[PDB]
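Let's start with one chain on its own, the form deposited in one PDB entry, as structure tokens.
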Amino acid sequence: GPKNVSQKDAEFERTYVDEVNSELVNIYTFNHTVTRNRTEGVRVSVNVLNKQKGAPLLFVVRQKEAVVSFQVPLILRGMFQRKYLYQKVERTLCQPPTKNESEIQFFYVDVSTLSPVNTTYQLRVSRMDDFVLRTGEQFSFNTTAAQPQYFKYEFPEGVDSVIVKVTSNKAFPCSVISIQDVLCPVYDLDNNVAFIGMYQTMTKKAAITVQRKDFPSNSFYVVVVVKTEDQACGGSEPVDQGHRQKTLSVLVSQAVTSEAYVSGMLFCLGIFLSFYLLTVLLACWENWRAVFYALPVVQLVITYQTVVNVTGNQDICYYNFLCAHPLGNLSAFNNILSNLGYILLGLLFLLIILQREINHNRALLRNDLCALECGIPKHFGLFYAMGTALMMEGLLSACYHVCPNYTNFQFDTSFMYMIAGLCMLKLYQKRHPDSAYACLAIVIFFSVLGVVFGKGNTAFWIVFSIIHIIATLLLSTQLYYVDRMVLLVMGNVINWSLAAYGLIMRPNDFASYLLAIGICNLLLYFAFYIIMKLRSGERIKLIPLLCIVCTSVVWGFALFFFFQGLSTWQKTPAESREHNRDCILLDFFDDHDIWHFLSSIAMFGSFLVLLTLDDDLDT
């Protein structure tokens, strides 16, 4: 007649080799017994042998309630009208749940083409024996840009959230890992995948935190889809592309139940309400025996945070996805407690100055002669800024850590130098009792130029490297005697030891690097201040000296953890996600959160250097 329609009764796990004309159509009738409980996923797999350029095979999979139709050799899209041609196509068949416990279910495969030559294909329908994922058990597979895959997970009895971790041992097939509910169809194509769910482009690691209140089915599909071009991960006639494949590994493990939150917050209070206990008991017994930054920052952040929450495109906020414990609508709630050190110490510092000035004033009322002529003259208008600034660093970082990003970046660390600036100002306002804000603004502007060029050319880096060493020998002679020539020994080597470290690494983060120059230069001056006392008639009581060794150590651990993550921020969040790590402390905090703890203790303990350093000069 017009055409030829052949109706074979097909079988699972067998390979059929056949031929189709422009005048022949093949229909295969597969059938499987589905069970309500032990769902198994069917998976079709076709492969056209030595196809010419004439006309594709057209494959239709007809279930009871869905039609899925593709054409082999599949042709996929590049950026600039580039085409890729895959000879081998695979697809898992979505199928909805059943009201009966077990029932027989049919589906048909229809193979046809409109080319006048006998095309030979290779059809094999095989059942998946590893569909449903199990909690805490690794699993490996393969996928290409023509053969997307997806697996099922269903939450156990009494697990309210999991974290789907997917890893790969190599870089450049670029996968997308979407997470979708269990209602057919499954959006596992390059165009479909971004439609719904909450995805994550991966290169070596992806981690998605899932909570079963969003899934009334108590289950979800994990969908892995490779991409034709690697531009979104930092890479560089149809072009056959079947030679490019990706091996992966998926592990689903339960998240922290509820105690890591309670035992995490009872750790911040336990070591900062400890200082309040300590100083009060130390002071009591012994004695008688800015807004211009608050406004623009926050309202951008609230706008930016909800975007992912309402879109599920997790390439926006540069969290540490392996340790990011959500609470409410906050996706990294453990990076916000970490900023309790500033809010609880920058305030405690102010209380110290209050009573210090209040205790002082009574001496004038007592008509003390010392208060008028003995000791360095009082100036507590700068201490009230250091105490104020610290409290404002734990508020512009708690707002940065709601979506860390290239845009949001300057908010925290730029204000950090201000704190370091006041320490530099106070020492110079001490010895020479008779401005720098431009330099802090310049540094921010330089970091802004270092923000417009953070991944800037290495030519820019050596420009900064050269300029820094010029400013190294410039400020060297500003404060310049055997002891004086001792200064330039370390004052120039340490800066060399840092600028050189820049070229060896070229951290994509810049402002955070300048912070390293900040302390590493400043911390030297403290010694330069102390060596003045030791090599003169000046002395040190045990109260200030004790606050010198301790704070010189907490600046050691802090600068260690501040270095544990320094390159853990790159372009293309897919690359920046390769560096995430599990939670070190209490399984709630990681390296960075330790830095927010140690920095606030390093700084507060260096304020109480200045406060009591020149307190032996009273008499």
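Take the two forms, find the largest set of C-alpha atoms that superpose within 1.5 Å, and that set is the rigid core. Heads up: residue numbers just count along the shown sequence, starting at 1.
Separately, the form deposited in another entry exists; it is not shown, and the next lines address it.
- request: Superpose on the rigid core, then report which one of 471, 273, 262, 183 has a CA displacement of at least 2 angstroms between this form and the one not shown.
  value: Looking at each option in turn, only one qualifies, and it is 471.
message: Using a rigid core superposition, assess whether residue 572 undergoes a CA shift of 2 Å or more between this form and the one not shown.
response: Result for residue 572: no, shift under 2 Å.
- prompt: After the core is overlaid between this form and the one not shown, has the C-alpha of residue 510 moved by 2 angstroms or more?
  reply: After core superposition, the displacement of the residue 510 C-alpha between this form and the one not shown reaches the 2 Å mark, so yes.
query: 2 Å or more on the CA of residue 446 between this form and the one not shown, with the rigid core superposed, yes or no?
result: Yes, its C-alpha moves 2 Å or more.
task: Work out the direction of the Cα-Cα change for residue 567 and residue 205 in that other deposited form: closer or farther than in this form? It's 3 angstroms or more.
output: Relative to this form, closer in that other deposited form.
query: Are residue 397 and residue 567 closer or farther apart at their Cα atoms in that other deposited form than shown, with the shift being 3 Å or more?
result: Closer is correct, given that in that other deposited form the C-alpha spacing of residue 397 to residue 567 is reduced by at least 3 Å.
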